[PDB]
Amino acid sequence: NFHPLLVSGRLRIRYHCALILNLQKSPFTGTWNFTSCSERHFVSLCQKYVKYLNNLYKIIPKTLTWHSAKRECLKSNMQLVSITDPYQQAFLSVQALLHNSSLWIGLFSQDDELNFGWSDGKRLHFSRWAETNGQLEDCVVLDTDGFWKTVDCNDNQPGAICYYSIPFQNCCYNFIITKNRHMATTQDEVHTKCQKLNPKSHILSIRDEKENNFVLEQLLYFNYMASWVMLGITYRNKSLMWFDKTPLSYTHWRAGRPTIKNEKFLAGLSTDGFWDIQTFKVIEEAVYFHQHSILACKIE
Amino acid sequence: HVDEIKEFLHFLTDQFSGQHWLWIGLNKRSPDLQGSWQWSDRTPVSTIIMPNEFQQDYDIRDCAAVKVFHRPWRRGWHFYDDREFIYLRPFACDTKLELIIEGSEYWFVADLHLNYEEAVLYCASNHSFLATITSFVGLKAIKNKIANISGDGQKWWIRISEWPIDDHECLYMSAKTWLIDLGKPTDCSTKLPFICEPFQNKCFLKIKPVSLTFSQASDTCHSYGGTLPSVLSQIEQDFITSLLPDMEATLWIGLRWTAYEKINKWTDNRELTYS
């Protein structure tokens with residue numbers, strides 16, 4: 001369970017010890033970090049051979065449809081499951097595994113499974129979808145693997161559960177949703193790519209401190225398949241700089257001193273703002289580079 | 001040595017046609033050289049490469065440079081000149097890097113079409129790496145083996161050079177008319193097969209006592225002509241102790257070796273007779 005955003009995986013050419021990190025109710029709670037383990041940390045779980053987190057849950061083992069289970073357990077003033085927190089998702093999944101079945105979860109869409117939404121009326125802050133080529137209908141279920149399988153819920157599951165409880169700072173960004181296949185010479189084309197759109201348009205450069213939080217809050221809007229963030233740091237003049245002829249002021253390095261001499265690398269933005277650099281040996285990480293990623297370049 | 005600067009001049013006169021004074025790695029900027037010559041990174045000067053010319057402001061212009069010509073034969077006869085150091089020109093740099101006849105065995109991959117990145121990731125190992133050709137006879141042998149293995153239509157990811165490149169430019173070669181595609185790279189994101197592999201006979205110099213780390217102290221006196229002090233006899237230790245008075249208590253004797261191991265050669269090509 002190593003999410004490829006905080007660990008550099010490549011041809012590896014002072015001990016190392018790992019740990020589990022929590023980010024105060026984050027959509028990626030449970031990440032695995034690695035550091036030197038000479039320091040002092042905490043240990044809580046040790047492995048040997050219904051109310052929950054200010055919420056209430058009720059499970060019924062009846063085999064009924066979605067509308068039918070809603071009308072069934074709604075008589076007791078209860079609303080179907082709507083996952084909005086990682087701990088709630090983990091508890092629902094462990095309860096489903098203890099019940100040994102895939103139970104109902106409650107939501108509905110409006111326009112051809114394009115705008116999904118819970119029945120509570122809260123802004124989307126959590127996304128744990130399973131696959132991209134599975135969105136055949138406009139409903140979802142929880143599987144054994146703990147993901148969100150997009151299916152039709154006009155069927156009979158062995159049970160149900162229901163619960164009770166852009167211009168910004170003198171710059172304009174843009175998002176491109178197309179399909180591309182160019183996998184060569186990715187260091188002398190982005191400038192002329194954004195310059196053809198409109199004059200006075202350069203690649204995204206960070207000259208402030210509130211733009212990071214702004215783009216972070218703007219990211220989790222269409223993140224059904226988007227999980228990584230790209231940056232404009234590449235091989236420039238035998239160093240790790242931007243594309244334009246300008247020096248760097250805000251360092252975006254993880255730790256130590258990187259010495260990447262390759263023509264390109266992966267400068268990634270974390271979930272909370274951890275500066276991350278990943279040296280790549282295969283080019284099979286470009287999905288995720290130009291098709292459904294952030295290709296925003298400022299105008300000023 | 002002088003062979004290195006002659007090779008650099010050959011490389012700068014063969015690939016380049018015009019004549020212009022880019023720069024040469026000769027510097028007499030600091031006044032503390034006391035007439036000698038300095039350097040910047042692990043380069044003890046031992047050859048005569050800088051002449052002397054009288055000038056009204058000879059002590060101001062302190063960046064030496066020679067001239068490269070449009071002729072293929074330039075054996076030291078270069079125009080010497082001296083300029084200042086307040087210029088501003090974009091980067092042009094260098095960094096320290098610290099059975100087929102005439103070659104080792106070459107592993108040719110077949111029925112497995114991978115790109116350049118997948119090739120350099122899969123075929124390379126602790127002893128394996130991208131096999132580069134350094135000789136023309138080896139290149140002819142590679143061409144014959146390619147023509148006898150697959151044919152003239154296939155393309156192979158080959159690294160072309162005249163010296164073995166170190167791992168510490170997506171070139172390809174075809175069996176037919178390799179003379180035109182020697183240095184013409186294309187988009188290497190295609191699946192194709194590939195191949196994969198004073199004292200007696202001893203003088204001393206002293207410098208400013210400015211302190212610095214040992215990783216950087218290996219290039220403090222190496223700027224001048226000489227190496228770090230290596231004790232070979234007790235007379236050398238007596239000389240060191242006799243020159244110690246005007247120095248501090250600490251001194252960089254200058255030898256590096258990993259812990260829990262042995263010391264080897266004193267990093268200056270000197271055997272151990274005693275310690």
# chains A, B, ... in the order shown; residues from 1 in each chain; ligands from 1
>>> closest_atom_pairs(of="chain A", to="chain B", cutoff="9 Å", atoms="only C-alpha atoms", output="tab-separated table")
residue	atom	partner	partner_atom	distance
A:10	CA	B:121	CA	9.0
A:11	CA	B:121	CA	7.5
A:182	CA	B:189	CA	8.8
A:183	CA	B:189	CA	6.2
A:184	CA	B:187	CA	5.6
A:185	CA	B:187	CA	7.6
A:237	CA	B:91	CA	7.0
A:238	CA	B:91	CA	8.7
A:261	CA	B:168	CA	8.9
A:281	CA	B:117	CA	6.0
A:282	CA	B:117	CA	5.3
A:283	CA	B:117	CA	6.9
>>> residues_around(residues="residue B:174", least_positions_apart="4", cutoff="8 Å", atoms="only C-alpha atoms", output="list in words")
residues 152, 153, 154, 155, 156, 178 and 181 of chain B
>>> residues_around(residues="stretch 14-31 of chain A", least_positions_apart="4", cutoff="8 Å", atoms="only C-alpha atoms", output="number ranges by chain")
A: 1-3, 35-37, 85-87, 125-127, 271-272
>>> atom_distance(atom1="atom CA of residue B:48", atom2="atom CA of residue B:79")
14.9 Å
>>> closest_residue(among="B:132, B:15, B:200, B:30", to="residue B:70", atoms="only C-alpha atoms")
B:15
>>> atom_distance(atom1="atom CA of residue A:8", atom2="atom CA of residue A:275")
11.9 Å
>>> residues_around(residues="stretch 145-157 of chain A", least_positions_apart="4", cutoff="12 Å", atoms="only C-alpha atoms", output="VMD selection string")
chain A and resid 60 to 70 82 to 83 86 88 to 97 100 to 109 113 to 114 116 126 to 141 161 224
>>> select_by_dssp(residues="stretch 253-297 of chain A", states="strand (DSSP E)", output="list in words")
residues 266, 267, 268, 269, 275, 276, 277 and 278 of chain A
>>> select_by_dssp(residues="stretch 67-190 of chain A", states="alpha helix (DSSP H)", output="number ranges by chain")
A: 67-73, 86-99, 190
>>> write_last_selection(atoms="N, CA, C and O atoms", output="PDB file, in the first residue's frame")
ATOM      1  N   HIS A  67     -34.612   1.575  -4.221  1.00  0.00           N
ATOM      2  CA  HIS A  67     -35.808   2.296  -3.793  1.00  0.00           C
ATOM      3  C   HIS A  67     -36.543   1.536  -2.699  1.00  0.00           C
ATOM      4  O   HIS A  67     -37.051   2.136  -1.743  1.00  0.00           O
ATOM      5  N   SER A  68     -36.601   0.208  -2.818  1.00  0.00           N
ATOM      6  CA  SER A  68     -37.337  -0.590  -1.847  1.00  0.00           C
ATOM      7  C   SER A  68     -36.665  -0.555  -0.480  1.00  0.00           C
ATOM      8  O   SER A  68     -37.340  -0.386   0.539  1.00  0.00           O
ATOM      9  N   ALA A  69     -35.337  -0.692  -0.435  1.00  0.00           N
ATOM     10  CA  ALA A  69     -34.637  -0.624   0.846  1.00  0.00           C
ATOM     11  C   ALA A  69     -34.701   0.780   1.437  1.00  0.00           C
ATOM     12  O   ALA A  69     -34.790   0.943   2.663  1.00  0.00           O
ATOM     13  N   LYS A  70     -34.649   1.805   0.581  1.00  0.00           N
ATOM     14  CA  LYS A  70     -34.809   3.176   1.053  1.00  0.00           C
ATOM     15  C   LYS A  70     -36.161   3.362   1.729  1.00  0.00           C
ATOM     16  O   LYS A  70     -36.241   3.839   2.866  1.00  0.00           O
ATOM     17  N   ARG A  71     -37.240   2.971   1.044  1.00  0.00           N
ATOM     18  CA  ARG A  71     -38.571   3.090   1.630  1.00  0.00           C
ATOM     19  C   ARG A  71     -38.748   2.161   2.823  1.00  0.00           C
ATOM     20  O   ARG A  71     -39.600   2.415   3.682  1.00  0.00           O
ATOM     21  N   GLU A  72     -37.961   1.088   2.898  1.00  0.00           N
ATOM     22  CA  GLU A  72     -38.071   0.146   4.006  1.00  0.00           C
ATOM     23  C   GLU A  72     -37.469   0.719   5.282  1.00  0.00           C
ATOM     24  O   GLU A  72     -38.165   0.880   6.289  1.00  0.00           O
ATOM     25  N   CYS A  73     -36.175   1.032   5.263  1.00  0.00           N
ATOM     26  CA  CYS A  73     -35.535   1.520   6.478  1.00  0.00           C
ATOM     27  C   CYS A  73     -35.688   3.025   6.660  1.00  0.00           C
ATOM     28  O   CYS A  73     -35.152   3.573   7.627  1.00  0.00           O
ATOM     29  N   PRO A  86     -12.976   9.220   5.260  1.00  0.00           N
ATOM     30  CA  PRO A  86     -12.233   7.960   5.090  1.00  0.00           C
ATOM     31  C   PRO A  86     -12.521   6.948   6.183  1.00  0.00           C
ATOM     32  O   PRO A  86     -12.614   5.747   5.898  1.00  0.00           O
ATOM     33  N   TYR A  87     -12.663   7.399   7.433  1.00  0.00           N
ATOM     34  CA  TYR A  87     -12.988   6.478   8.515  1.00  0.00           C
ATOM     35  C   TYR A  87     -14.367   5.859   8.326  1.00  0.00           C
ATOM     36  O   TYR A  87     -14.554   4.669   8.603  1.00  0.00           O
ATOM     37  N   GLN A  88     -15.337   6.645   7.852  1.00  0.00           N
ATOM     38  CA  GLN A  88     -16.662   6.102   7.568  1.00  0.00           C
ATOM     39  C   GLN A  88     -16.592   5.046   6.473  1.00  0.00           C
ATOM     40  O   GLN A  88     -17.237   3.995   6.564  1.00  0.00           O
ATOM     41  N   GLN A  89     -15.810   5.312   5.423  1.00  0.00           N
ATOM     42  CA  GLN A  89     -15.641   4.336   4.352  1.00  0.00           C
ATOM     43  C   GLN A  89     -15.002   3.054   4.868  1.00  0.00           C
ATOM     44  O   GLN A  89     -15.440   1.949   4.524  1.00  0.00           O
ATOM     45  N   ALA A  90     -13.965   3.181   5.700  1.00  0.00           N
ATOM     46  CA  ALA A  90     -13.292   2.000   6.231  1.00  0.00           C
ATOM     47  C   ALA A  90     -14.223   1.194   7.127  1.00  0.00           C
ATOM     48  O   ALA A  90     -14.235  -0.042   7.077  1.00  0.00           O
ATOM     49  N   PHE A  91     -15.021   1.878   7.952  1.00  0.00           N
ATOM     50  CA  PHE A  91     -15.964   1.175   8.817  1.00  0.00           C
ATOM     51  C   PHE A  91     -17.043   0.474   8.001  1.00  0.00           C
ATOM     52  O   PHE A  91     -17.399  -0.675   8.289  1.00  0.00           O
ATOM     53  N   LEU A  92     -17.570   1.146   6.975  1.00  0.00           N
ATOM     54  CA  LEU A  92     -18.570   0.521   6.117  1.00  0.00           C
ATOM     55  C   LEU A  92     -17.997  -0.702   5.410  1.00  0.00           C
ATOM     56  O   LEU A  92     -18.662  -1.739   5.306  1.00  0.00           O
ATOM     57  N   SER A  93     -16.749  -0.608   4.945  1.00  0.00           N
ATOM     58  CA  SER A  93     -16.137  -1.734   4.249  1.00  0.00           C
ATOM     59  C   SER A  93     -15.874  -2.898   5.197  1.00  0.00           C
ATOM     60  O   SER A  93     -16.106  -4.059   4.837  1.00  0.00           O
ATOM     61  N   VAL A  94     -15.395  -2.617   6.412  1.00  0.00           N
ATOM     62  CA  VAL A  94     -15.136  -3.710   7.344  1.00  0.00           C
ATOM     63  C   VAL A  94     -16.444  -4.348   7.798  1.00  0.00           C
ATOM     64  O   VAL A  94     -16.504  -5.565   8.014  1.00  0.00           O
ATOM     65  N   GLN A  95     -17.524  -3.565   7.901  1.00  0.00           N
ATOM     66  CA  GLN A  95     -18.819  -4.151   8.231  1.00  0.00           C
ATOM     67  C   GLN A  95     -19.343  -5.008   7.085  1.00  0.00           C
ATOM     68  O   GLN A  95     -19.925  -6.076   7.316  1.00  0.00           O
ATOM     69  N   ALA A  96     -19.143  -4.562   5.841  1.00  0.00           N
ATOM     70  CA  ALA A  96     -19.566  -5.360   4.695  1.00  0.00           C
ATOM     71  C   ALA A  96     -18.777  -6.661   4.606  1.00  0.00           C
ATOM     72  O   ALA A  96     -19.333  -7.707   4.250  1.00  0.00           O
ATOM     73  N   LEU A  97     -17.482  -6.613   4.922  1.00  0.00           N
ATOM     74  CA  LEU A  97     -16.674  -7.830   4.929  1.00  0.00           C
ATOM     75  C   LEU A  97     -17.061  -8.762   6.070  1.00  0.00           C
ATOM     76  O   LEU A  97     -17.035  -9.986   5.901  1.00  0.00           O
ATOM     77  N   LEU A  98     -17.413  -8.209   7.235  1.00  0.00           N
ATOM     78  CA  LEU A  98     -17.906  -9.048   8.321  1.00  0.00           C
ATOM     79  C   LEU A  98     -19.248  -9.677   7.972  1.00  0.00           C
ATOM     80  O   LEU A  98     -19.539 -10.797   8.409  1.00  0.00           O
ATOM     81  N   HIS A  99     -20.072  -8.981   7.189  1.00  0.00           N
ATOM     82  CA  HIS A  99     -21.331  -9.542   6.716  1.00  0.00           C
ATOM     83  C   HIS A  99     -21.157 -10.443   5.500  1.00  0.00           C
ATOM     84  O   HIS A  99     -22.096 -11.165   5.149  1.00  0.00           O
ATOM     85  N   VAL A 190       6.105  22.997 -24.951  1.00  0.00           N
ATOM     86  CA  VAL A 190       5.011  23.534 -24.144  1.00  0.00           C
ATOM     87  C   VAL A 190       4.931  25.049 -24.286  1.00  0.00           C
ATOM     88  O   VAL A 190       3.838  25.634 -24.275  1.00  0.00           O
TER      89      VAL A 190
END
>>> residues_around(residues="residue B:13", least_positions_apart="3", cutoff="8 Å", atoms="only C-alpha atoms", output="VMD selection string")
chain B and resid 9 to 10 16 to 17 68 to 72
>>> residues_around(residues="residue A:298", least_positions_apart="4", cutoff="7 Å", atoms="only C-alpha atoms", output="PyMOL selection string")
chain A and resi 171-173+201-204
>>> closest_residue(among="A:175, A:52, A:222, A:168", to="residue A:210", atoms="only C-alpha atoms")
A:168
>>> closest_residue(among="B:259, B:114, B:12, B:240", to="residue B:199", atoms="only C-alpha atoms")
B:240
>>> closest_residue(among="B:248, B:84, B:4, B:59", to="residue B:47", atoms="only C-alpha atoms")
B:4
>>> atom_distance(atom1="atom CA of residue A:124", atom2="atom CA of residue A:84")
7.5 Å
